[PDB]
Amino acid sequence: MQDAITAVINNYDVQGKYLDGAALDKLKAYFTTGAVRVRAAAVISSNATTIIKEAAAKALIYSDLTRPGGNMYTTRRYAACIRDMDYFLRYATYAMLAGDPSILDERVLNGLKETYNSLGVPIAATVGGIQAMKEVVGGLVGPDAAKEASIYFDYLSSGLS
Amino acid sequence: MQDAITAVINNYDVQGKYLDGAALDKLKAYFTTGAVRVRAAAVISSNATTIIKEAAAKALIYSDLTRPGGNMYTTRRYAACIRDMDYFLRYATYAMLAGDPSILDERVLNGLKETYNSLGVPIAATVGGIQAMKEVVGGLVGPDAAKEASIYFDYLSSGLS
Amino acid sequence: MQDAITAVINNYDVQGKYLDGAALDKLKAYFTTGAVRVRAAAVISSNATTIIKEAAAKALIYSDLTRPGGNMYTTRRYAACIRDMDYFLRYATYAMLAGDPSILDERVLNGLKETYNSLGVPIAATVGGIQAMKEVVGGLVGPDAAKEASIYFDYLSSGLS
Amino acid sequence: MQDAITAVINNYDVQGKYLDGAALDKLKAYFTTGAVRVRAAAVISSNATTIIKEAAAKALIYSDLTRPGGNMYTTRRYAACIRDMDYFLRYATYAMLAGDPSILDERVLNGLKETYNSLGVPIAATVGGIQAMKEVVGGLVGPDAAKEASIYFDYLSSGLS
Amino acid sequence: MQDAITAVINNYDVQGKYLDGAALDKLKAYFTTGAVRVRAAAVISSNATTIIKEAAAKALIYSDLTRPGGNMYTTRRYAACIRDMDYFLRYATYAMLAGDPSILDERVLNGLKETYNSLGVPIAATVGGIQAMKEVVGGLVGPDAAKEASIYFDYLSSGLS
Amino acid sequence: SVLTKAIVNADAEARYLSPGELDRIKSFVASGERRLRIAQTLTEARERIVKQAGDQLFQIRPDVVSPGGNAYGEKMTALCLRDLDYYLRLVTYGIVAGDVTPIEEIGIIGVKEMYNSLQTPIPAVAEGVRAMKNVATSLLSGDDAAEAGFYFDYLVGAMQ
Amino acid sequence: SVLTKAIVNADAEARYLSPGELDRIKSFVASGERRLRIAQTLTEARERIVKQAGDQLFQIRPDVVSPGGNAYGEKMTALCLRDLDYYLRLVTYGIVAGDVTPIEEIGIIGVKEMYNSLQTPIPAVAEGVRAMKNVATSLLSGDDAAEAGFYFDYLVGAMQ
Amino acid sequence: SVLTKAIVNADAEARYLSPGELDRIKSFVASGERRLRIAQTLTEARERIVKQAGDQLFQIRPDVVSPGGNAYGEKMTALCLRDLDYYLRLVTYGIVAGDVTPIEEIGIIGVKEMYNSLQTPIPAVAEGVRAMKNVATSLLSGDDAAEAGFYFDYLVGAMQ
Amino acid sequence: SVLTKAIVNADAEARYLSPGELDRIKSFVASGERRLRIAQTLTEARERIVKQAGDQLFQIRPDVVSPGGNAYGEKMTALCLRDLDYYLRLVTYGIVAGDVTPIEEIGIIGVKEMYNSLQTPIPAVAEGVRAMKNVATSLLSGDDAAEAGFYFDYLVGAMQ
Amino acid sequence: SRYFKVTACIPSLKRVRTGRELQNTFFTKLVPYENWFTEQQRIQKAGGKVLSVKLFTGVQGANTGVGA
Amino acid sequence: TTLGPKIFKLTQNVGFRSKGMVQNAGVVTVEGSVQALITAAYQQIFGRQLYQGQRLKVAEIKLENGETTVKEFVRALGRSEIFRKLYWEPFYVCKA
Ligand SMILES: CCC1=C(C)/C(=C/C2=NC(=C\c3[nH]c(/C=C4\NC(=O)[C@H](C)[C@H]4CC)c(C)c3CCC(=O)O)/C(CCC(=O)O)=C2C)NC1=O
Ligand SMILES: CCC1=C(C)/C(=C/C2=NC(=C\c3[nH]c(/C=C4\NC(=O)[C@H](C)[C@H]4CC)c(C)c3CCC(=O)O)/C(CCC(=O)O)=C2C)NC1=O
Ligand SMILES: CCC1=C(C)/C(=C/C2=NC(=C\c3[nH]c(/C=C4\NC(=O)[C@H](C)[C@H]4CC)c(C)c3CCC(=O)O)/C(CCC(=O)O)=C2C)NC1=O
Ligand SMILES: CCC1=C(C)/C(=C/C2=NC(=C\c3[nH]c(/C=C4\NC(=O)[C@H](C)[C@H]4CC)c(C)c3CCC(=O)O)/C(CCC(=O)O)=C2C)NC1=O
Ligand SMILES: CCC1=C(C)/C(=C/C2=NC(=C\c3[nH]c(/C=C4\NC(=O)[C@H](C)[C@H]4CC)c(C)c3CCC(=O)O)/C(CCC(=O)O)=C2C)NC1=O
Ligand SMILES: CCC1=C(C)/C(=C/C2=NC(=C\c3[nH]c(/C=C4\NC(=O)[C@H](C)[C@H]4CC)c(C)c3CCC(=O)O)/C(CCC(=O)O)=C2C)NC1=O
Ligand SMILES: CCC1=C(C)/C(=C/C2=NC(=C\c3[nH]c(/C=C4\NC(=O)[C@H](C)[C@H]4CC)c(C)c3CCC(=O)O)/C(CCC(=O)O)=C2C)NC1=O
Ligand SMILES: CCC1=C(C)/C(=C/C2=NC(=C\c3[nH]c(/C=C4\NC(=O)[C@H](C)[C@H]4CC)c(C)c3CCC(=O)O)/C(CCC(=O)O)=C2C)NC1=O
Ligand SMILES: CCC1=C(C)/C(=C/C2=NC(=C\c3[nH]c(/C=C4\NC(=O)[C@H](C)[C@H]4CC)c(C)c3CCC(=O)O)/C(CCC(=O)O)=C2C)NC1=O
C-alpha cells in the first residue's frame, strides 16, 4: 500500500530525484490535516457498531432483501453482510488516515465486483449500504473531517459500480 | 521429468516394446558422452557466482535497467534478478546432465512468459542475460562440453521469446 | 476408550474366555438402563449453559476467586474456567452414556492434577464446581437417571483430589 | 516479559491496589531515566558488530578455545558462538530499555545452563565473553548510561554461574 | 553417525593432526576386514525373515508372552514385536558394515529403555530375542564373520539391560 | 506499553531498535508527567466518578434495574458499581503505560463470555463506561480530557 | 512511514487503531515539519557532503582505491561516490517519513547479495556512510543533527 | 533411472548433486555396456523364457489352469503368458535404467486393483516371475545373472 | 565417507544397501591405495604448497596485504597461511574419505559467519585455495591430479 | 508469552511403521501456551500418554505480562 | 511413490544425541541431515529461500538442538513475520 507521504517518495524515487519544493508542498498539505484525521478515526472506531446499525436500518433491512428470496435472508447471510459492512467502514478509516485510496484497491476492490456477481450479491444495494454509512459518519465526525472521510466511501462505491 | 534414458524407455513402453537395436544405439550415444557432462557440471557449479557476475556485467548492469525507472532498480529487484539468473544456470546444468530439456519446461518455462508480462519483467533483457552466461560457460567448460552445455541455454532463451 | 459393551468384551478377551452367562447378564444390565441414559443426556445437553451458570453461582463467583489475586480474575481466566466446566459436564455426559468412566481417565484426568498445580489452578475450588453441576444435573434429569449421572461427576472429583 | 511501567501495574493488581504515592514514585524514577536509556540503545545497536569483535578479541580467540579440541574450533562453532554473543548483547539492550531483567529469564537464561552442559559449551569462558562486551559497552555509552547498561550484563553472567 | 574410518578422522580433526602412523594402522585394520563384512551382510539380508522366525521360535513364542496377558498377545503386538526384531537385525548389519556401534546409539538405543518401560515391553525377553538372532546369524555367516557380527548384537543387548 | 509492543517487533526480526522506534520511545516518555497527572486526578476522584456514573447510566437504560433485569436488586446492583470501579482503574493503569497491553490482559481478553455466561447485558455496559467518561472528563483540562477520552472510547469499543 | 507502520500492525489485528498508536502519529505530524526541513537542508549541501565523505573514506581505507581494490580507478571511484549520493538521498527520505520504511525496500534488502556479486567490500560502504554522518551533522543544529544521525546509524547498522 | 532419482532428490532440497549422488551416476554409467548386454541376451531369448516360466508355473499350480482357475483354458492361458511377456520386458527396462521408476509406473502401481478386479491370484503371478528368473538367469554369466536377479526379485516383492 | 553417506541414506529409508550403493563402496575401496598415495604426496609437500599459494594469492590481491586489508602485516599474514595449511589438511582428509562429510563439518559449515565476524574477505580465501590447487596439482600424475582437484574445487565452491 | 514443557507417549496400534519411528512415539518438546490445549488433546485422542508438564517460561498467576 | 514429490521427514534423531566419541569431535556427522530438512521447510512454506536478514534462527536453533519438533518449527515459520508480509499483506483478503 501507499499513503500520502510514500506516494510522493515513490513518485520521486522512480525519477531518482531528491524532494524538491513541489514535493515538500504536497507533504505539508498532508501534515497540516493530520491531527484532524486522527480525531475522526477515533470517532468512527468507537461508533463502528452504531454506524453499521443506522446504515443498515436506512438502506438494507425492512425490505425484500431480508425476506425469503433476498440475499440477506438467513442469519448466515445477514451476518456475512454486516461483516462486509464492517470491512468497508474499517478500511475507509485506514484510507482516510493514510490520505490515499491505494489500500482500498489492493485489499478491498480487487476482484470484488466479480466475486459479488458470482455469489449473486446485489451490487446496487451494497453501494447504498456504503453511502448510508458515509451519511452517518459525516454527522459524527463534524466540519473538520466530514469531506475527507466522505471521499473514501465514495471511492469504495464507484469501485463497485 | 525425463532424461535421455527414460525418454527412450517411455517411448517404447507406450508401444509395449522391448528395447531394440535403434533404442540401444540411442542409449549408447548418451552413455558415451556421460563422463564429459559430469566434468562440465563441476566447472559450472564451482564457478556459478563468477558466471553470473560476468554475465550481468556484459548484458545487464551499467545501464538504464539498473537506474530509477528500470526493472532491476532497487536492491530488492537486483537481488531477484540475479536470483533468477542462478535458477537458469542451475537448471540448464540439470538439463545438460540429463541430456534432455524436459525439466526446463516442467520447472522453469511453464507460465514464465506471462509471469514476466504481469510483473513487467523485460523479456529481451533476460534473454541477453541467458546468452551471456552461455558465452561464459562455453569458455570455462572447453571443447569437450561447449556445444552440449550451450543448447540448453538456447532452449531456455527461445522458450521466453 | 471403550463403551460398556466392549469393556466386558475386553475383559474376557484377556483370558481367552467366551461370553458366559455371566457376561450376558452384565450386558443386559446395561441395555436395560439404556433408554434412560439417552434422555438424561438430552436434558443435560439442552441445559448445558444454565447448569454451568447455576453451578458457578453457587460454588465459584461472588468470592475472592473472582477478585484481584484470585485465579478466575480477568475475563481471560473467567472464560478459561467456565470453558473447563463445559468440558467436565460434556465428558461426564459421555461417561454416563457409555456406562464406563474410562473416557474420563483417558481424555480428562490424565496429567490434569499436575497441570493445575503448574498453573496454580485451585483444585478444591474446581471440585466444588464439579459437585455443584452434579447437584443441578440431579434435579433436572429426575429419579430415573439421578444416581447414574451423579457417579461420573463423583469420578471426576475424586480424580483431582 | 515485563518492564518497569508494567511491573508496577502487575505488582499492584495482585494486591488490588490503586496506584498510590509509593507506586507513582517508582514510575517517576523510571521515566526520569528514560531518554538516557534510548540514546544508549542506539549506540549499542549501531556498534553491535564492533563490540562483539573487541569482546571476542579480549576474552575468547587467540587461545585453546579456537584451537583443535576447543569448543569454538570449526567455522561452524565459531559462528554459533558469536551468534550467541549477539543474542546476549541484543537482549541486554532490551532489558536495559525495559528497566527490568525479566526478559533475560524468560527468553535467555531458562534451561541455558543445562543446554551448555549437554553440548559441552564452556560456561566460565562464556561469562568472560559477557563481561568483556560490558567493558566495551560502558566505554561507548558514557557516564549517563554506563551503570544502567552494565547491570543486565551482570544479570546474564550470574545467571549462568 | 560414524564408521571406523570417520571415527579416526574426527579424533584427529579435533587435534588438527594430519593422519600419522598409528591412525594409518587403525584404518588398515578396518580395510583388511572389509570384504568379509560385505559377504556377511548379503547373507543376513537375504535370510532376514528366516533369522527372525528361528529367533522368535527359540526365544519368544510357545509361551506366556504370546498368551492373553502377554505383551506379544494380539496380532497387533505380535506384528510390532517382529517389526522391532527386523530393526535390530537390520541396524546391527549397518553397525557391522561400518565397524562402529555409534549408529546403534544414535538411531536405536537412545530413549528405548524408557520407551519400553512406558509401554510395559519386557526388556529381558527382548534381549533373548536379540541373542537368539545372533546365534542364528553366527551359523549362517561362518568363521570369517561370526565374531564381528556377534559384537553389535551384544552391543544392542547390554544397551537395554 | 509502547515499549512492549515495539521491542517485540525488534526481537521478532532479530535486531536492535530502529531510529523510528527510538524516537517514539523518546516522544512517548516526554509525555510521562502529564499522563501521570491525568491518572492522579482520576484516582483522586474515583468514588465520585463511579457514583455519578451509576446515577447517569440508569437513566439512558433503566430496565436493567427492573424485575427481569440483570442488575435488579441491591447486590445485583452493587456488583455493578464495583465493575464500574474496575474499569475506571484499568483506564488508569493503561494511561501510565501509554498503551493497552496491560489493560487487555486483565480485562478485555475473553470478556464476552464472562458476560455472556452471566448474561449481563454487555452492550449496556459499553454505555456504562462512556459515562465514566462524562464525569471524569469534567475534572480535566481540555487537552488532558481528550487524552483520557481515547481510552474510555476504547473500552466502549471493545464491548462490541 | 510512522503511519504505514502503525496501520499495518492495526490491520493485521483487524481492529481500529488504539490510543497508544494513535498518539505517535500526532508526534510525527509535529515532527514532520521539522523533519521535512532537515531533509531540505541535507538536500541543499548534497554535493559537498558526498565529496567530503569520499575524501574522509579514502584516507581511512586507501586499500579500496588501490590495485586490487573494488573502487580502484577514476570511474570505479565515480560510481562509488554515486552510491554515496544514493544513500544520502535515502537518508533524507527516511527522516521525512518519520519511519525508515521505503529506504529498506530501496537500498538494504538485497544489498548483501548485490555487493557480494560486484565484490564490493560491504564494511567500507558502512564507513562511507559514517563519513557522511560526520559532514551532514556539521551543517545541522544539535537537536536536528541527532535526529538525522539515527537514520545514518541505521544504514550503517543494516550493512552488517 | 539412477539419474532421475538423484536429480529429483536434488531439486526437492533445492541443491546441486552431492558427491555421493555424482559417484553413483559415475559407477552406474560405467556399467552401461554391461547392463545393455544383459538386456540384449534376455530380449534375444524372450519367447523361450516365457514358455519355461509357464511350464514351471503350471506344474507348481495346476489349479490356476483348472475348472475354477483364473487362467483355465487355452485363451485364458494365452493372456497369462502375455502378462509374463509384459513383465520380462519391464525387467529389461529396469536393468538398463538402474532403478524401478519405469517398472513401477507401468506395472506395479495399480496392479493390486487391476488383478483383484479380474480376480487373478496375485501370489501366483509372483510365482510366474520367479519362474522367469530361473530361466533368464541360466542364460547369463554369474555376475550378470545376479545383477538381473535383483530386478526380478523386486517385481516379486511389489506383488505383495 | 562414501560408507557413511551410503549407510545414512539406507537407515533413513529403513533398508539394506542398494546394488548401486554396494558397487560404489567396491569401486571406492579399490581406489584406496591410490587415494592414500595422493594424500601422502601432498602431506609430504605441505610447506611448499602453502607458501607458494600465498605468493600467488598476494599477487592477484595485493591489498589484502595492504593498509586496509584483513591480512595486512607479518602476523596477520602468518595466520592467513595457517588457514591455508588448515584447508590443505582438510583436502587430504576428503580425498581419503571419498566425500566431504569431514571437510564440511570441520571447515565450511559456519565459515561465512566466522569470517564475516573477523571481516575476512571470503572470495580471496577461495583464491588462496585455487592457488593451492595449482601447486599441489603440479606434484601429482594427471589421473591423481584430477582426483585431487575435485576436492579443491569443492572448497572453492563452498566459500560462495 | 509463556511456554510449556511437555512429555507424552504417542502410540499407534493399527497403522504399523517399518522404520525408525522411535522418535516417533515418545517425545519431549516445548509448546506455547496457546497451543497446549489443542496439543494436549491431539495426544489424548490418539491414545498417547502425557508424562509431565513444564511452564518453562511463565510465572504462576501473573496478571499482566503473559500476553500472547 | 515416485509419481509424486519427495517427503522429508525428520527421523534423524537430531536431538543433540551425544555418544562415545571424542569430546570435541570434528566430524560429528549426521547433523547435516537436519540441515537439509531445515532448508526444505523454507521451500514449502515460502517456496524459495529467504535472504540473509530474513531467515528465522532461534527456531532452527531449537529444532536442531532437539527441543522442539518439526511440527512446531513449521508453526513458527508460518506465523512469522515475513510470511505475513509476503503473503498476506499485499493481497485481497481471500486471495491471501
Ligand atoms: C429465519 C431466520 C431469521 C431470523 C430469526 C431473523 C431475525 C431478525 N430480527 C430482527 C429484528 C428484531 N428482533 C427483535 C426480537 C426480540 N426482541 C427482544 O427483546 C426479544 C428477545 C426478541 C423477541 C423474542 C426485535 C425487538 C427487533 C428490532 C430490533 C431493531 O430494530 O433494532 C431483524 C431486523 C429487522 C428486519 O429487517 O427484519 C431480523 C432480520 N432474520 C432471519 O432471517
Ligand atoms: C477484506 C476485504 C474483503 C471483503 C469486502 C470480502 C467480501 C466477501 N463477501 C462474501 C459473501 C457475501 N457478502 C454478502 C453481502 C451482502 N449481502 C447483501 O444482500 C447485501 C447487499 C450485502 C451487505 C451490505 C452476503 C450475503 C454474502 C454471502 C453469499 C453466500 O451465501 O455465499 C465473500 C465470500 C466468502 C464469505 O462468505 O465470507 C467475501 C470474500 N471478503 C474480503 O476478504
Ligand atoms: C539505491 C539502491 C542502489 C545502490 C546502492 C546501487 C549500487 C550499485 N553499485 C554499483 C557499482 C559499484 N559500486 C561501487 C562502490 C564502492 N566501491 C568501493 O570499494 C566502496 C566500498 C564503495 C563506495 C563507497 C564500485 C567501485 C562499483 C563498480 C563495481 C564494478 O563495476 O564491478 C552498481 C552497478 C553499476 C550500475 O549499473 O549502476 C549498482 C547497481 N544500486 C542501487 O539500486
Ligand atoms: C524455479 C524456477 C523459477 C523462476 C525462474 C522464477 C522467476 C520469478 N521471477 C520473479 C520476479 C522478478 N524477476 C526479476 C528478473 C529480472 N529483472 C530484470 O530487470 C532482468 C531483466 C531480470 C533478471 C535477469 C525481477 C526484477 C523480479 C521482481 C518483480 C517485482 O518487483 O515484483 C518472480 C515473482 C516472485 C518473486 O518475486 O520471487 C518469480 C516466480 N520463479 C521460479 O519459481
Ligand atoms: C477487572 C476485570 C473483571 C470484571 C469487569 C469482572 C466482573 C464481574 N462482574 C460480576 C457480576 C455482576 N456484574 C454486574 C454488572 C452489571 N449489571 C448490569 O445490569 C449492568 C449492565 C452492569 C453494571 C454496569 C451485575 C448485576 C453482577 C451480578 C450478576 C449475578 O450475580 O448473577 C462477577 C461475578 C461476581 C464476583 O464473583 O465478583 C465478576 C467476576 N470480573 C473481572 O475480573
Ligand atoms: C479436554 C480436556 C481438557 C481440560 C479439562 C483442560 C484444562 C485446562 N485448563 C487450563 C487452564 C485454566 N483452567 C482454569 C480453571 C479454573 N480457574 C479457577 O479459578 C477455577 C477453580 C477453575 C474453573 C472451575 C483457569 C483460570 C486457567 C488459566 C490459567 C492461566 O492463566 O494460564 C489449561 C491450559 C491451557 C489453556 O489455558 O487453555 C488446560 C489444558 N484442557 C483439556 O484439554
Ligand atoms: C578448519 C575450519 C576453520 C577455519 C577456516 C577457521 C578460520 C579463522 N580465521 C580467522 C581469522 C582470519 N582469517 C583471515 C583470512 C583471510 N583474510 C583475507 O582477506 C582472505 C580473504 C583470507 C585468507 C585467504 C584473516 C585476515 C583473519 C584475521 C581477521 C581478524 O583478526 O579480524 C579466525 C579467528 C582467529 C583465530 O582465533 O584463529 C578463525 C577461527 N577457523 C576454523 O575452525
Ligand atoms: C534466543 C536465546 C538463545 C540462546 C542464547 C541460545 C544458545 C544456544 N547455543 C547453542 C550452541 C553453541 N553455543 C556455542 C557457544 C560458545 N562456544 C564457545 O566455545 C564459547 C564459550 C561460546 C560463545 C561465547 C557453541 C560453540 C555451540 C555449538 C555446539 C555444537 O556444536 O553443537 C545452541 C544449540 C542449537 C544451535 O547450535 O544453534 C543454542 C540453542 N539459543 C537461544 O535460543
Ligand atoms: C528405528 C528404531 C526404532 C525401534 C527399535 C522402535 C521400537 C518401538 N517399539 C514400540 C512398541 C512395541 N514393541 C513391542 C516389542 C515386543 N513385544 C514383546 O513382547 C517382545 C518382548 C518384543 C519383541 C521382541 C510391542 C509388543 C510393542 C507395542 C506396545 C503397544 O501395544 O503399545 C514402539 C511404539 C510405537 C509403535 O507401536 O510402533 C516403538 C517406537 N521404534 C523405533 O523407531
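Atoms within each ligand, like the ligands themselves, are counted from 1 in listed order. Basis for what follows: all heavy atoms, side chains included, without hydrogens, waters or symmetry-related copies. Each chain gets a letter, A, B and so on, in the order its sequence line appears, and its residues count up from 1.
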If you count the atoms of ligand 5 from 1 in the order shown, which ones are under 4.0 Å from a heavy atom of [X]?
X       : answer
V125(F) : 21 (C)
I61(C)  : 34 (C), 37 (O)
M114(F) : 4 (C), 6 (C), 7 (C), 41 (N)
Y87(F)  : 5 (C)
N70(F)  : 19 (O), 26 (C)
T74(C)  : 43 (O)
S63(C)  : 37 (O)
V64(F)  : 19 (O)

N or O contact, [X] vs ligand 9, cut-off under 3.5 Å:
X      : result
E21(J) : yes
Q23(J) : no
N24(J) : no

Identify, for [atom], the protein heavy atom at the shortest distance, and state residue, atom and that distance.
atom                    : answer
atom 32 (O) of ligand 4 : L119(B) CD2, 3.3 Å
atom 35 (C) of ligand 9 : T25(J) CG2, 2.4 Å
atom 20 (C) of ligand 4 : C81(B) SG, 3.2 Å
atom 36 (C) of ligand 9 : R17(J) NH2, 3.0 Å
atom 30 (C) of ligand 9 : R76(E) NH1, 3.8 Å
atom 2 (C) of ligand 4  : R107(B) O, 3.4 Å
atom 12 (C) of ligand 9 : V121(E) CG2, 3.9 Å
atom 27 (C) of ligand 9 : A80(E) CB, 3.8 Å
atom 4 (C) of ligand 5  : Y86(F) CD1, 3.7 Å
atom 6 (C) of ligand 9  : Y87(E) CE1, 3.8 Å
atom 1 (C) of ligand 9  : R20(J) CA, 2.8 Å
atom 43 (O) of ligand 9 : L22(J) N, 2.1 Å

- Query: For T115(B) and ligand 4, does the shortest N/O to N/O distance drop below 3.5 Å?
  - Reply: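 Looking only at distances, the answer is no, because the N/O contact criterion of under 3.5 Å is not met.
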Looking at ligand 5, would [X] count as a contact under a 4.0 Å heavy-atom criterion?
X       : value
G128(F) : no
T75(C)  : no
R82(F)  : yes

- ligand 4 contact by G129(B), heavy-atom criterion under 4.0 angstrom: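 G129(B): no contact with ligand 4 (<4.0 Å).
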- Task: Specify the closest pair of heavy atoms between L156(B) and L109(B), including all atoms of both residues, with the distance to one decimal.
- Result: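 That would be O-CD2, 3.6 Å.
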- Message: Using every non-hydrogen atom in the two residues, find where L60(B) and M85(B) come nearest and quote the distance to one decimal.
- Response: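 Looks like CD1-SD, 4.2 Å.
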Tell me if the [atom1] atom of [X] is crowded by more than 12 foreign heavy atoms within 6.0 Å.
X      : atom1 : result
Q44(K) : CD    : no
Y73(B) : OH    : yes
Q15(D) : CD    : yes

So, does [X] use its side chain to make a donor-acceptor pair with the main chain of [Y] at under 3.5 Å?
X       : Y       : answer
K113(E) : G159(E) : no
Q23(J)  : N13(K)  : no
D63(F)  : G69(F)  : no

- Message: Test your reading of the structure: does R89(F) have an N or O sitting under 3.5 Å from an N or O of ligand 5?
- Response: no
- ligand 5 to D83(F) polar contact by distance, N or O atoms, under 3.5 Å: yes
- Answer yes or no: is there an ion pair linking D85(F) with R82(F), defined by an N-O contact shorter than 4.0 Å?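 No.
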- Can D86(E) and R83(E) be counted as an ion pair, charged N to O under 4.0 angstrom? no
- How long is the gap from CE on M133(B) to CD on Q131(B), to the nearest 0.5 Å?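 Spacing of CE (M133(B)) from CD (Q131(B)) equals 12.0 Å.
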- Message: One pair to check against side chain to side chain donor-acceptor pair (under 3.5 Å): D11(I) and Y16(I). What are the steps and the verdict?
- Response: CA-CA 8 Å; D11(I) 186 32; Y16(I) 291 88; over 6 Å; no
- Message: Could you check whether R130(F) makes a cation-pi contact with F152(F), meaning its NZ or CZ is under 6.0 Å from the centre of the six-membered ring and within 45° of the ring axis?
- Response: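 Not satisfied by the 6.0 Å and 45° rule.
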- Donor + acceptor pair across side chains of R20(J), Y87(E) (<3.5 Å):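 Result is no, nothing qualifies.
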- Verify the distance criterion only: is there a donor paired with an acceptor across the side chains of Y12(D) and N63(J) at less than 3.5 Å? no
- Hey, is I82(B) touching ligand 4 through its side chain, its backbone, both or neither, going by heavy atoms under 4.0 Å?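 For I82(B), no heavy atom sits under 4.0 Å from ligand 4.
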- Task: Using a 4.0 Å heavy-atom cut-off, say whether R83(B) meets ligand 4 through its side chain, its backbone, both or neither.
- Result: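 Under 4.0 Å from ligand 4, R83(B) contributes side-chain atoms alone.
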Taking [atom] as the point of reference, which of [options] owns the nearest heavy atom?
atom                    : options                          : value
atom 16 (C) of ligand 5 : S117(F), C80(F), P123(F)         : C80(F)
atom 9 (N) of ligand 4  : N110(B), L112(B), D84(B)         : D84(B)
atom 26 (C) of ligand 4 : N71(B), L109(B), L65(B), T126(B) : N71(B)

Is it the side chain (CB and beyond), the backbone, both or neither of [X] that lies under 4.0 Å from ligand 5, heavy atoms counted?
X      : result
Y62(C) : both
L60(C) : neither
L79(F) : both

- Report the C-alpha distance between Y91(E) and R107(E) in whole Å, list the side-chain angles of each, state the deciding distance to 0.1 Å, and finish with yes or no for side chain to side chain donor-acceptor pair (under 3.5 Å). CA-CA 9 Å; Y91(E) 278 92; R107(E) 287 268 296 182; 2.6 Å; yes
- Item | Non-hydrogen protein atom less than 4.0 angstrom from atom 24 (C) of ligand 4 |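 Looking at atom 24 (C) of ligand 4, one finds that a protein heavy atom does lie closer than 4.0 Å.
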- Query: For the residue pair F46(K) and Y87(K), does the interplanar ring angle fall in the parallel (under 30°), tilted (30 to 60°) or perpendicular (over 60°) class?
  - Reply: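 Rings of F46(K) and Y87(K): tilted, as their planes differ by 30° to 60°.
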- Task: Just jot down the ligand 9 atoms closer than 4.0 angstrom to any heavy atom of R77(E), in number order.
- Result: 26 (C), 31 (O)
